[PDB]
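Structure file start.tsv (TSV, N, CA and C atoms) follows.
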```tsv
chain	number	residue	atom	x	y	z
T	1	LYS	N	146.36	48.85	69.88
T	1	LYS	CA	146.71	47.60	70.63
T	1	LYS	C	147.53	46.65	69.74
T	2	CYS	N	147.95	45.53	70.28
T	2	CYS	CA	148.76	44.56	69.48
T	2	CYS	C	147.88	43.89	68.41
T	3	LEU	N	148.49	43.40	67.35
T	3	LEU	CA	147.71	42.73	66.27
T	3	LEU	C	147.16	41.38	66.75
T	4	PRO	N	145.95	41.08	66.36
T	4	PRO	CA	145.31	39.80	66.76
T	4	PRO	C	145.98	38.61	66.05
T	5	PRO	N	145.73	37.43	66.55
T	5	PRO	CA	146.32	36.21	65.95
T	5	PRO	C	145.69	35.92	64.58
T	6	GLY	N	146.50	35.69	63.58
T	6	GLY	CA	145.96	35.42	62.21
T	6	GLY	C	146.19	36.63	61.30
T	7	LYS	N	146.93	37.63	61.75
T	7	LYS	CA	147.18	38.83	60.89
T	7	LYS	C	148.40	38.57	60.00
T	8	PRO	N	148.22	38.75	58.71
T	8	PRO	CA	149.32	38.52	57.74
T	8	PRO	C	150.37	39.64	57.84
T	9	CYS	N	151.52	39.35	58.40
T	9	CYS	CA	152.58	40.40	58.51
T	9	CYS	C	153.43	40.43	57.24
T	10	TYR	N	153.93	41.59	56.88
T	10	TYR	CA	154.76	41.70	55.65
T	10	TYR	C	156.25	41.70	56.01
T	11	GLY	N	156.80	40.54	56.29
T	11	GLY	CA	158.25	40.44	56.65
T	11	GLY	C	158.54	41.34	57.85
T	12	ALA	N	159.51	42.22	57.73
T	12	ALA	CA	159.84	43.13	58.87
T	12	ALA	C	159.69	44.60	58.44
T	13	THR	N	158.80	44.88	57.52
T	13	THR	CA	158.60	46.29	57.07
T	13	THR	C	157.29	46.84	57.64
T	14	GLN	N	157.25	47.09	58.93
T	14	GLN	CA	156.01	47.62	59.57
T	14	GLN	C	156.30	48.07	61.01
T	15	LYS	N	155.72	49.17	61.43
T	15	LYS	CA	155.95	49.65	62.83
T	15	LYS	C	154.89	49.08	63.78
T	16	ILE	N	154.32	47.95	63.44
T	16	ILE	CA	153.28	47.33	64.31
T	16	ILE	C	153.78	45.97	64.83
T	17	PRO	N	153.94	45.88	66.13
T	17	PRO	CA	154.42	44.63	66.75
T	17	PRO	C	153.31	43.58	66.80
T	18	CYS	N	153.56	42.40	66.28
T	18	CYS	CA	152.51	41.33	66.31
T	18	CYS	C	152.52	40.65	67.68
T	19	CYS	N	151.38	40.21	68.15
T	19	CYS	CA	151.32	39.55	69.49
T	19	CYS	C	152.27	38.35	69.53
T	20	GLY	N	152.40	37.64	68.43
T	20	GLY	CA	153.32	36.47	68.39
T	20	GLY	C	154.45	36.76	67.40
T	21	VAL	N	154.66	35.88	66.45
T	21	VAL	CA	155.74	36.10	65.43
T	21	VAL	C	155.18	35.89	64.02
T	22	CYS	N	155.99	36.12	63.02
T	22	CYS	CA	155.51	35.93	61.62
T	22	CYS	C	155.60	34.44	61.23
T	23	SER	N	154.47	33.81	61.02
T	23	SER	CA	154.48	32.37	60.64
T	23	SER	C	153.82	32.18	59.27
T	24	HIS	N	154.61	32.00	58.24
T	24	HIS	CA	154.05	31.82	56.86
T	24	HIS	C	153.12	33.00	56.52
T	25	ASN	N	153.61	34.21	56.65
T	25	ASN	CA	152.79	35.42	56.35
T	25	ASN	C	151.60	35.53	57.32
T	26	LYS	N	151.85	35.30	58.60
T	26	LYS	CA	150.76	35.39	59.62
T	26	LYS	C	151.33	35.88	60.95
T	27	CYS	N	150.49	36.04	61.95
T	27	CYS	CA	151.00	36.51	63.28
T	27	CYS	C	150.30	35.73	64.40
T	28	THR	N	151.06	35.05	65.22
T	28	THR	CA	150.45	34.26	66.34
T	28	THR	C	150.34	35.13	67.61
```

Represent the structure from my file as structure tokens, please.
Amino acid sequence: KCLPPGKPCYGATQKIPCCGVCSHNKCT
């Protein structure tokens, strides 16, 4: 499923779509 809110994304190097966007190393 999509990543939950608060997940630290690593820039754009990952095949996992975040529910929101990358905010200060996070995912909304």

Here atom N of residue 12 (chain T) and CA of residue 25 (chain T) stand apart by 9.7 Å

In Å and to one decimal, CA of residue 17 (chain T) is distant from atom C of residue 5 (chain T) by 12.5 Å

* Asked: What lies within 8 Å of residue 20 (chain T) using all atoms listed in the file, ignoring chain neighbours under 3 positions off, as a list in words?
  ->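 With the cut-off at 8 Å, the set is residues 2, 3, 4, 5, 6, 17, 23, 26, 27 and 28 of chain T.
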
Give me the box for region 19-27 of chain T as AutoDock Vina command-line options, namely the centre and edge lengths in Å to one decimal of a box along x, y and z that holds every listed atom plus 6 Å on each side.
```
--center_x 153.1 --center_y 36.0 --center_z 62.9 --size_x 17.7 --size_y 20.4 --size_z 25.2
```

As a ChimeraX atom specification, please: the residues near residue 22 (chain T) (cut-off 8 Å, only N, CA and C atoms, same-chain neighbours under 6 positions excluded). /T:7-11,28

Atom pair atom N of residue 21 (chain T) + atom C of residue 1 (chain T), distance 13.3 Å

Which of chain T fall in strand (DSSP E or B), as a PyMOL selection string
chain T and resi 3+18+22+27

Can you take the partial region 4-23 of chain T, add N, CA, C and O atoms, and return it as a short mmCIF file (atom, residue, chain, number, x, y, z; two decimals), in the frame of the given file?
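So the final result, stored in out_19.cif, reads:
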```
data_model
loop_
_atom_site.label_atom_id
_atom_site.label_comp_id
_atom_site.auth_asym_id
_atom_site.auth_seq_id
_atom_site.Cartn_x
_atom_site.Cartn_y
_atom_site.Cartn_z
N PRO T 4 145.95 41.08 66.36
CA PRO T 4 145.31 39.80 66.76
C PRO T 4 145.98 38.61 66.05
O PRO T 4 146.69 38.80 65.08
N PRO T 5 145.73 37.43 66.55
CA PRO T 5 146.32 36.21 65.95
C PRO T 5 145.69 35.92 64.58
O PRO T 5 144.48 35.92 64.43
N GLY T 6 146.50 35.69 63.58
CA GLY T 6 145.96 35.42 62.21
C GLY T 6 146.19 36.63 61.30
O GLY T 6 145.72 36.67 60.18
N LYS T 7 146.93 37.63 61.75
CA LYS T 7 147.18 38.83 60.89
C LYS T 7 148.40 38.57 60.00
O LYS T 7 149.46 38.23 60.49
N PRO T 8 148.22 38.75 58.71
CA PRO T 8 149.32 38.52 57.74
C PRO T 8 150.37 39.64 57.84
O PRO T 8 150.14 40.75 57.40
N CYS T 9 151.52 39.35 58.40
CA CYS T 9 152.58 40.40 58.51
C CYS T 9 153.43 40.43 57.24
O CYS T 9 153.61 39.43 56.58
N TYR T 10 153.93 41.59 56.88
CA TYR T 10 154.76 41.70 55.65
C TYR T 10 156.25 41.70 56.01
O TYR T 10 156.90 42.73 56.03
N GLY T 11 156.80 40.54 56.29
CA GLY T 11 158.25 40.44 56.65
C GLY T 11 158.54 41.34 57.85
O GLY T 11 157.89 41.25 58.88
N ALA T 12 159.51 42.22 57.73
CA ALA T 12 159.84 43.13 58.87
C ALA T 12 159.69 44.60 58.44
O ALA T 12 160.38 45.47 58.94
N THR T 13 158.80 44.88 57.52
CA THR T 13 158.60 46.29 57.07
C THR T 13 157.29 46.84 57.64
O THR T 13 156.32 47.04 56.94
N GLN T 14 157.25 47.09 58.93
CA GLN T 14 156.01 47.62 59.57
C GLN T 14 156.30 48.07 61.01
O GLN T 14 157.04 47.42 61.73
N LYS T 15 155.72 49.17 61.43
CA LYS T 15 155.95 49.65 62.83
C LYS T 15 154.89 49.08 63.78
O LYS T 15 154.59 49.66 64.81
N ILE T 16 154.32 47.95 63.44
CA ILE T 16 153.28 47.33 64.31
C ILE T 16 153.78 45.97 64.83
O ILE T 16 154.01 45.06 64.05
N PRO T 17 153.94 45.88 66.13
CA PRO T 17 154.42 44.63 66.75
C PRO T 17 153.31 43.58 66.80
O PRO T 17 152.23 43.83 67.30
N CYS T 18 153.56 42.40 66.28
CA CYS T 18 152.51 41.33 66.31
C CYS T 18 152.52 40.65 67.68
O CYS T 18 153.55 40.53 68.32
N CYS T 19 151.38 40.21 68.15
CA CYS T 19 151.32 39.55 69.49
C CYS T 19 152.27 38.35 69.53
O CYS T 19 152.89 38.07 70.54
N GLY T 20 152.40 37.64 68.43
CA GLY T 20 153.32 36.47 68.39
C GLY T 20 154.45 36.76 67.40
O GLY T 20 155.12 37.77 67.49
N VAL T 21 154.66 35.88 66.45
CA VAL T 21 155.74 36.10 65.43
C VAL T 21 155.18 35.89 64.02
O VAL T 21 154.04 35.51 63.85
N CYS T 22 155.99 36.12 63.02
CA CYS T 22 155.51 35.93 61.62
C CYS T 22 155.60 34.44 61.23
O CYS T 22 156.67 33.88 61.12
N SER T 23 154.47 33.81 61.02
CA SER T 23 154.48 32.37 60.64
C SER T 23 153.82 32.18 59.27
O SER T 23 152.61 32.22 59.14
#
```
